[PDB]
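Engineer: Quick one: the structure is below, questions incoming.
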Amino acid sequence: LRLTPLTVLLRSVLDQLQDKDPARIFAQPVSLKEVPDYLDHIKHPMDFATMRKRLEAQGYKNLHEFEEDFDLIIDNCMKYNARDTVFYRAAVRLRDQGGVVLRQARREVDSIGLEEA
């Protein structure tokens with residue numbers, strides 16, 4: 001595979017984000033069989049599986065595109081599920097924990113920026 005440095009970084013980000021989701025709540029697209037009204041509430045479903053697929057096709061051109069999809073995962077869960085639920089709580093935990101990681105990722109895109117030269 002002919003991997004760009006952004007992709008390598010984003011994969012490390014993405015793996016770390018998944019590491020914080022041990023229950024695999026956001027690992028895969030929501031099932032419509034399991035949630036038939038989902039698209040009444042959510043305009044743009046997103047999950048880590050779909051992000052990895054875009055990543056592995058080197059379909060992120062910048063960190064900003066990656067963060068937008070990560071935000072969707074979080075925001076969709078909070079819009080669909082009540083504050084009272086496990087899905088909502090995990091999403092908050094993952095948002096907080098992943099903020100740390102994405103903030104680290106921004107520093108690192110800048111760091112690589114400095115290496116040249």
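Residue numbering restarts at 1 for every chain of the structure tokens, chains are lettered A, B, ... in their displayed order, and ligands are numbered from 1 as they appear.
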Please report as a Markdown table every residue of region 16-81 of chain A lying within 9 Å of region 90-114 of chain A, along with the nearest atom pair and their distance in Å (one decimal), using only C-alpha atoms.
Structural biologist:
```
| residue | atom | partner | partner_atom | distance |
| --- | --- | --- | --- | --- |
| A:16 | CA | A:101 | CA | 7.5 |
| A:17 | CA | A:98 | CA | 6.0 |
| A:20 | CA | A:94 | CA | 6.4 |
| A:21 | CA | A:94 | CA | 7.0 |
| A:25 | CA | A:90 | CA | 8.2 |
| A:26 | CA | A:91 | CA | 8.9 |
| A:63 | CA | A:106 | CA | 7.6 |
| A:67 | CA | A:102 | CA | 7.6 |
| A:70 | CA | A:95 | CA | 8.9 |
| A:71 | CA | A:95 | CA | 8.1 |
| A:73 | CA | A:91 | CA | 8.2 |
| A:74 | CA | A:91 | CA | 5.5 |
| A:75 | CA | A:91 | CA | 8.2 |
| A:77 | CA | A:91 | CA | 6.7 |
| A:78 | CA | A:91 | CA | 7.0 |
```
Engineer: Within 10 Å of region 1-5 of chain A, counting only C-alpha atoms, which residues show up once you throw out same-chain ones fewer than 4 positions away? Write them as a ChimeraX atom specification, please.
Structural biologist: /A:9-11,56-58,109,112
Engineer: Those residues you just picked out, can you put them in a file as a PDB file, in the first residue's frame with C-alpha atoms?
Structural biologist:
```pdb
ATOM      1  CA  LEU A   9      -1.580   9.558  11.374  1.00  0.00           C
ATOM      2  CA  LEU A  10      -5.344   9.318  10.940  1.00  0.00           C
ATOM      3  CA  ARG A  11      -5.204   5.534  11.255  1.00  0.00           C
ATOM      4  CA  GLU A  56      -8.100   2.955   3.878  1.00  0.00           C
ATOM      5  CA  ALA A  57      -9.091   4.389   0.419  1.00  0.00           C
ATOM      6  CA  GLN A  58      -7.075   7.480   1.451  1.00  0.00           C
ATOM      7  CA  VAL A 109       0.058  17.592  11.719  1.00  0.00           C
ATOM      8  CA  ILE A 112       5.226  17.166  10.438  1.00  0.00           C
TER       9      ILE A 112
END
```
Engineer: Hey, which of A:64, A:14, A:36, A:80 ends up closest to residue 49 (chain A)? Count only C-alpha atoms.
Structural biologist: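 For residue 49 (chain A), the nearest of the candidates is A:14.
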Engineer: Work out how far apart CA of residue 81 (chain A) and CA of residue 55 (chain A) are and give it in Å to one decimal.
Structural biologist: 27.4 Å
Engineer: Name all residues at most 8 Å from residue 47 (chain A) (count only C-alpha atoms; drop same-chain ones fewer than 3 positions away) and give them as a PyMOL selection string.
Structural biologist: chain A and resi 26-30+50-51+73
Engineer: For those residues, write N, CA and C atoms to a file as a JSON list (two decimals), in the first residue's frame.
Structural biologist:
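Once everything was written out, this is result.json:
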```json
[["chain", "number", "residue", "atom", "x", "y", "z"],
["A", 26, "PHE", "N", -20.11, 2.15, 18.60],
["A", 26, "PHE", "CA", -20.04, 2.90, 17.35],
["A", 26, "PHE", "C", -19.15, 2.25, 16.29],
["A", 27, "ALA", "N", -18.92, 0.95, 16.43],
["A", 27, "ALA", "CA", -18.02, 0.20, 15.57],
["A", 27, "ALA", "C", -18.56, 0.06, 14.15],
["A", 28, "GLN", "N", -19.89, -0.05, 14.05],
["A", 28, "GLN", "CA", -20.60, -0.35, 12.79],
["A", 28, "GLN", "C", -21.82, 0.57, 12.57],
["A", 29, "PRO", "N", -22.25, 0.74, 11.29],
["A", 29, "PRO", "CA", -23.50, 1.41, 10.98],
["A", 29, "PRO", "C", -24.63, 0.86, 11.87],
["A", 30, "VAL", "N", -25.44, 1.78, 12.36],
["A", 30, "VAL", "CA", -26.68, 1.45, 13.07],
["A", 30, "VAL", "C", -27.55, 0.57, 12.19],
["A", 50, "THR", "N", -17.24, 2.90, 8.78],
["A", 50, "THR", "CA", -17.34, 3.69, 7.53],
["A", 50, "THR", "C", -16.16, 4.66, 7.41],
["A", 51, "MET", "N", -15.67, 5.13, 8.55],
["A", 51, "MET", "CA", -14.52, 6.05, 8.55],
["A", 51, "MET", "C", -13.26, 5.29, 8.16],
["A", 73, "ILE", "N", -20.54, 10.96, 14.50],
["A", 73, "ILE", "CA", -20.74, 9.75, 15.31],
["A", 73, "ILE", "C", -21.31, 10.10, 16.67]]
```
Engineer: Go ahead and compute the interatomic distance for CA of residue 43 (chain A) and CA of residue 79 (chain A), in Å to one decimal.
Structural biologist: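 Atom-to-atom, CA of residue 43 (chain A) to CA of residue 79 (chain A), that is 10.8 Å.
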Engineer: Quick check for you: according to DSSP on this backbone, which residues of chain A are classed as alpha helix (DSSP H)? Reply as a ChimeraX atom specification.
Structural biologist: /A:5-19,38-41,48-56,63-80,86-115
Engineer: Would you please work out which residue, of A:7, A:61, A:54, A:45, is nearest to residue 76 (chain A) when using only C-alpha atoms?
Structural biologist: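 Comparing A:7, A:61, A:54, A:45 against residue 76 (chain A), the winner is A:45.
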